[PDB]
Amino acid sequence: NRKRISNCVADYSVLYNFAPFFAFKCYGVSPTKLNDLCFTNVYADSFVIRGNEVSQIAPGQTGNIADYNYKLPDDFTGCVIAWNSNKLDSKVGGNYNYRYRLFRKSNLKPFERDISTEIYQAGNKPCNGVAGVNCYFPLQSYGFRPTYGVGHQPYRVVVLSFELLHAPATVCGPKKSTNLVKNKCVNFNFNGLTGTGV
Amino acid sequence: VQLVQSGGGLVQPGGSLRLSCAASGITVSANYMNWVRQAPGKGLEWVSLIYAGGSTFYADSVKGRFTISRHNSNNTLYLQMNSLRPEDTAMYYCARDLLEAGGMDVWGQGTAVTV
Amino acid sequence: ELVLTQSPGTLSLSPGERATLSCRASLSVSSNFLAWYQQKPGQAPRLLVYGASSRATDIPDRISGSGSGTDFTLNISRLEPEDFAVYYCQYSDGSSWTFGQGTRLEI
């Protein structure tokens, strides 16, 4: 799945209050200074992947799932989060919604999505019609079974992207609001006014 | 539907050997293909995967010594062994084992590695 | 990665009988990516099943092979003299690979 953020503010404190995430692979900017830096646009690629493929989903690693279905560019700073939602949805006969493509003719550039209906050809013959020998439609369904260990569980993965632009930024909100005591000689910075008094 | 391997022989450890994996009929150059070594008295064991794209999978023992490249004119694969070792005395298997069936394996050129 | 056990050391083949060859996987492993193949050393081997549901081609498919969890087996009802070769069961994840030393089929 792929998404983007409009003009508002995203605090990660409520995100950190949701659940202990499995990955926390925020290899870009430091997690402490996430609220200090903010951008014009945010891409939210929140999807689900198998448990054995959480290892190679990083930009530094590649595989059949990475190079053919969804790839992340290594020359790009990113922050990804993932949690285990295997008990959220489980089917005894197998999850038939988690089919994935086996093969596409050319390797996929990072950050593109492509769906089509064509037949992979495995010989010097056209595959316009239907065939089952040396001409295969690329189809692979996992069929998630609840009676399996950690390797084949659906780990839902949220990929968060960020980039600069010539526009003012949206999601950091430096708003600093205090308690405003009523009778004391205290300092204040009301809308940038450096002053003291009672 | 059938494959032939050409160029094998017997060379000393520490050299480079070239082998060609060429199949007829099946356009194997755009498939998930794999490389297997089979020692005498030892069962079949996975060694390398190479895709239609540029994704290299290697075993821990072979490391980066193994080299694979695909030709575009025919269904021909050029593969190179560099700095051979006495632990690599094995018969060669080249196949196009995919995730659907992984079928139609090959007899493979039979070689032996010794000093 | 995967640990596989295939028993026994030697078979007890006699044509015209029902035989049971079982191989056991590591941790409740699935079977839609499991592949059986015949193998006789010296030449090209033969494939048996893909996906553990529909068998591969070039076989009349009288062997009933299936299983779940760590328990996988195949029962062959009618034996033929062309079956004198060792059978392997494998599982593929794309990032991890496994193999198993099969059981020799003789008398």
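Easy rule for this one: first residue shown is 1, then count along the chain.
Recorded method is electron microscopy, 3.5 Å.
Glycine is no exception: its Cβ is also placed from the backbone N, Cα and C atoms.
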Whichever of A:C8, A:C38, A:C79 is disulfide-bonded to A:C26 when Swiss-Prot is consulted: A:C79
Member of A:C8, A:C38 annotated by Swiss-Prot as disulfide partner of A:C172: A:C38
A:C135: disulphide-linked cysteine among A:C127, A:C185 [source: Swiss-Prot]: A:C127
Secondary structure tally of the region 'Disordered' (A:166-188) (DSSP, helix then strand then coil): 0 helix, 3 strand, 20 coil
Nearest recorded site to A:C135 (disulfide bond) by CA-CA distance, among disulfide-bonded residues A:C26, A:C38, A:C172: A:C26
Rounded inter-Cα distance in Å - A:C172 (disulfide bond), A:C127 (disulfide bond): 53
Secondary-structure category, per DSSP, in which A:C135 (disulfide bond) falls: strand
